[PDB]
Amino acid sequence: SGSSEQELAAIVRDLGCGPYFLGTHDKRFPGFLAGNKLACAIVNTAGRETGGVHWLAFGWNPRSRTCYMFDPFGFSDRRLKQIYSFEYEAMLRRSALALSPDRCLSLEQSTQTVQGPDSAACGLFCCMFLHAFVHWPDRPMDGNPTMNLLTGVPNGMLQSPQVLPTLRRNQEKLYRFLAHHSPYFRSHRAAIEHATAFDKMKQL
């Protein structure tokens, strides 16, 4: 069920997030406190001691002073809080104080799901955004060569039959994606595509 910290840590490095990548964190990722450098990370929604539940991606652009929060489902902070017991306020607090002069910062995020409700490709997508972020961090969410391959759909439409032919089609091209760029992906591809399948959560 899903991708493990090592899996993600290895793939994120195949996708070149290397120079910019701050590791994998439980729900208590500090923020971007270090210096004003293009940084990014992977933060689990849950605390390490649950075993770990959902993967999130987080990015910092210098120019724009913008935290990108990326949930492959585009759940709102309010929904993420409700489903996953997750909030990242004091996260942005530390960050915007650590890094911004006026102590202000922009929070940019999806309203739009790329994942199927049942899928467990949650890190693999997070990894895909972390490739788009580390090459076009000014426009990471859409209109770059990495997300132009993917098709966002209104979050609120998630539990709907109309969407899934597109939500499967993101998940094929997400595999095409990683296969193309990650040596570790190809190496583990079969067990990865099996453990993160479209319908894993009813293949449990």
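Residue indices: 1-based, along the sequence shown.
Comparing the listed residues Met157, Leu174, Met141, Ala41, the entry records the largest Cα B-factor for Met157.
When the modelled residues of the chain are ordered by their C-alpha B factor, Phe32 lands in the lowest third. Among the modelled residues of its chain, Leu8 has a C-alpha B-factor that falls in the lowest third, as given in the PDB entry. Among all modelled residues in its chain, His25 ranks in the lowest third by Cα B-factor. When the modelled residues of the chain are ordered by C-alpha B-factor, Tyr88 sits in the highest third.
Compared with the other modelled residues of the chain, the Cα B-factor recorded for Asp102 ranks in the highest third.
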